[PDB]
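Some notes on the structure that comes next.
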Amino acid sequence: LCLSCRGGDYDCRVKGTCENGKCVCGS
């Protein structure tokens with residue numbers, strides 16, 4: 001889950017990992 005970071009679509013921000021201000025919804 002990404003809150004204090006920028007990322008793609010909401011769905012991507014939910015299942016994404018929040019790292020270094022960036023949301024990563026992948027592997």
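Scheme for the structure tokens: letters A, B, ... for chains in order shown; per-chain residue numbers from 1; ligand numbers from 1 in order shown.
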
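For residue 12 of chain A, the set of protein, DNA and RNA residues having any atom at most 8 Å away, when counting only C-alpha atoms and skipping those fewer than 3 positions along the same chain, is residues 7, 8, 9, 15, 16, 23, 24 and 25 of chain A.
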
Please give the complete set of residues from chain A that DSSP, run on the backbone, assigns to alpha helix (DSSP H), formatted as number ranges by chain. A: 10-14

Can those selected residues be exported to a file as a short mmCIF file (atom, residue, chain, number, x, y, z; two decimals), in the first residue's frame so that it contains N, CA and C atoms?
data_model
loop_
_atom_site.label_atom_id
_atom_site.label_comp_id
_atom_site.auth_asym_id
_atom_site.auth_seq_id
_atom_site.Cartn_x
_atom_site.Cartn_y
_atom_site.Cartn_z
N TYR A 10 -4.84 3.87 -8.81
CA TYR A 10 -5.21 3.52 -7.44
C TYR A 10 -4.90 2.06 -7.15
N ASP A 11 -5.35 1.18 -8.03
CA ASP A 11 -5.15 -0.26 -7.87
C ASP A 11 -3.67 -0.58 -7.70
N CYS A 12 -2.84 0.16 -8.42
CA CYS A 12 -1.39 0.00 -8.35
C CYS A 12 -0.86 0.49 -7.02
N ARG A 13 -1.52 1.49 -6.45
CA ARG A 13 -1.09 2.08 -5.19
C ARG A 13 -1.52 1.21 -4.02
N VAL A 14 -2.53 0.39 -4.24
CA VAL A 14 -3.04 -0.47 -3.19
C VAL A 14 -2.16 -1.70 -3.02
#

Write out as a VMD selection string which residues come within 8 Å of residue 6 of chain A when counting only C-alpha atoms, dropping same-chain ones fewer than 2 positions away. chain A and resid 2 to 4 8 21 to 23

Run DSSP on the backbone and tell me which residues of chain A come out as strand (DSSP E); list them as a VMD selection string. chain A and resid 17 to 19 22 to 24

Residues of the last selection are to be written out with C-alpha atoms, as a short mmCIF file (atom, residue, chain, number, x, y, z; two decimals), in the first residue's frame.
data_model
loop_
_atom_site.label_atom_id
_atom_site.label_comp_id
_atom_site.auth_asym_id
_atom_site.auth_seq_id
_atom_site.Cartn_x
_atom_site.Cartn_y
_atom_site.Cartn_z
CA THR A 17 5.09 -1.26 -2.28
CA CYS A 18 5.92 2.26 -1.17
CA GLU A 19 9.63 2.88 -1.63
CA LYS A 22 7.56 5.84 -5.39
CA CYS A 23 4.86 3.21 -5.50
CA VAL A 24 5.95 -0.09 -7.01
#
